[PDB]
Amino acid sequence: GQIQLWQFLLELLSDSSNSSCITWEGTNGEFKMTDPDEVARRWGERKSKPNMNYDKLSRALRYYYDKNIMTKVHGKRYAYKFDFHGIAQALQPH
């Protein structure tokens, strides 16, 4: 797979029919996984990695902290916030 997790989360987030498992909620960029497990099995599907689970996916998100692509929303389960500072950069090619 060549798609990126943040890109894929957005894809999902861009249709509200997927709200049964992920949804925008809060200030600009915030969202929460209403079904963390379905999100993971989907990402797994998409990347042909079928042992994907939330514990692994969440690790990948944690890596995004240093990249400023995302922060954790503190004291809110399964909630993160996209940050534009780093998205801007990750949208740039070579």
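Quick note: we count residues from 1 along the sequence shown, nothing fancier.
**Student:** Among the modelled residues of this chain, does the Cα B factor of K47 put it in the lowest, middle or highest third?
**Tutor:** CA B-factor rank for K47: highest third.
**Student:** Sorting the chain's modelled residues by C-alpha B-factor, tell me whether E11 ends up in the lowest, middle or highest third.
**Tutor:** Middle third by C-alpha B-factor.
**Student:** Ranking the modelled residues of this chain by C-alpha B-factor as given in the entry, is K72 in the lowest, middle or highest third?
**Tutor:** Lowest third.
**Student:** Can you tell me whether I3 has a C-alpha B-factor in the lowest, middle or highest third compared with the other modelled residues of the same chain?
**Tutor:** Highest third - that is where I3 ends up once the chain's C-alpha B-factors are sorted.
**Student:** Lowest, middle or highest third: where is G29 by C-alpha B factor in its chain?
**Tutor:** For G29, whose C-alpha B-factor we compare with every modelled residue in the chain, the answer is the lowest third.
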